[PDB]
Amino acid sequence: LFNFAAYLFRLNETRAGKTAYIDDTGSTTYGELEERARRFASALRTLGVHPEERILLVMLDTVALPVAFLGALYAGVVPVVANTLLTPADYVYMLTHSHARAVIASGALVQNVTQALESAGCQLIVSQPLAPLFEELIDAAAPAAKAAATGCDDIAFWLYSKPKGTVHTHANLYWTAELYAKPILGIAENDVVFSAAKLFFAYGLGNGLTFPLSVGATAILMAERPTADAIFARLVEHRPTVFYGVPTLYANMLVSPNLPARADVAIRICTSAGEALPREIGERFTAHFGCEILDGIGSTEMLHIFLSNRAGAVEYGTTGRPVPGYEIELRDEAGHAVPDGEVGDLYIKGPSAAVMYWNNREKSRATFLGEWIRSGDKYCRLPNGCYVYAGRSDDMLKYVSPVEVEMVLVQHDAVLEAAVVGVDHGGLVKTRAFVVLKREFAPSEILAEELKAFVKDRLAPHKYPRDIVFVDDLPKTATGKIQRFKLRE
């Protein structure tokens, strides 16, 4: 009745010859994407992996990953798409928790994944971007004749949110393309899209797979780490019309001596998620490039963006409005309504909500509240209806939004990026700002004092940071999120 891979294959039957993917080694057409995926569905059956059993993907951003993911979906096998920058012990946990029957690993990750497997019938398959080779297994297979007999509400894949196995359906993919990508982003057949966010991050999964494939667009994939220069290369070479980033990437792009000219690129719309986008970055980016960045929030639990700025109605500094098809509510600790201007807990209702966390009743019952998901984010609503992010519940200072303070700090000309956390020095919690300075500025007690004064002049007295620590970089997840817990510890 419904299989997301089979659905895409049918959608794109008329454009078999159009390039679907460009990556570091070449181009792959829609025809080839379907062929190689359906052959991989056969290879899985031949390897003994049944429908509903999980495979673990530890794969770089190459056409192999969408082949593996879509080939698994067509087989009814449940791919679990993993972060590629984790430790062997991290992978041990994912292998054991997922009960993965096979793990497909990029050549560069083979050592970590092999080590993980040795601490334990999971089979290793190796993708080149002695174990069986992914490409060889697919070559040896015939394309599977029919998709598994799945429906809209059948479990299709997991992403990790110990990490929590976040369980998604076939329909959840479809809803993200239908509610967010088409209406908000305006993604179209003739687009060429490029996500700096990797396919293992929910954000990147939609950006570089769900969305372009849903409309017959072309997607650019990149295996290497997303530095400003690596990003610039694909922006210029393949002239994508859509680029998807995160605030730390935009910040560092803007200060690069290598920043491409307006005429060197073709971007018509950009997105940003993960952390909130500072007003000045959006303004300066649009001044230089001519296109807007749409700041949006999504989550692994909601599979993509559910609250976003809209093209032509950008309110830089806010997360915009609910994406139509999604409802959001703010509640206080007691579950009562939140007056505008106050910070409350975000709850989300929409049709892309995950089913559960796998093998975890306590966290599932605390998060998946029937029609509503408890997000873990803190939000405020303005007079004009726009939502403003206060930070994660865990990062709140005590009553103070770390984000409100960070957004003020980065307005100072010396500051490239900032994180604001509460640090307990026995046994008093003090507000501390960690500041990355622009290259033209040197760290000093004078400058630290100037920055404190800068914030004190702009916010209520209980908000300004008590210490400023100058750092070369902030600690960040692979995904570009700031690890404020590290700064606290």
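Don't overthink the numbering: it's just position in the shown sequence, from 1.
Per the record, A120 and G121 are separated by 1 to 3 deposited residues that have no coordinates. The modelled chain is continuous from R361 to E362, with every intervening residue of the deposited sequence accounted for. Comparing 111-119 with 246-254, the stretch with the higher mean C-alpha B-factor in the PDB entry is 111-119. The mean C-alpha temperature factor is higher for 180-188 when 180-188 and 298-306 are set side by side.
Comparing C-alpha B-factors across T367, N207, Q128, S352 in the deposited entry, the largest value falls on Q128. The PDB entry gives the largest Cα B-factor of the residues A230, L330, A82, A266 to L330. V49: CA B factor lies in the middle third for its chain, per the PDB record.
Residue-level temperature factors show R381 in the highest third of its chain, judged at the C-alpha atom.
In this PDB entry, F454 carries a Cα temperature factor that places it within the highest third of its chain's modelled residues. Among all modelled residues in this chain, the alpha-carbon of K398 has a temperature factor (C-alpha) in the highest third. Per the deposited record, the Cα B-factor of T318 falls in the highest third when ranked against the other modelled residues of its chain.
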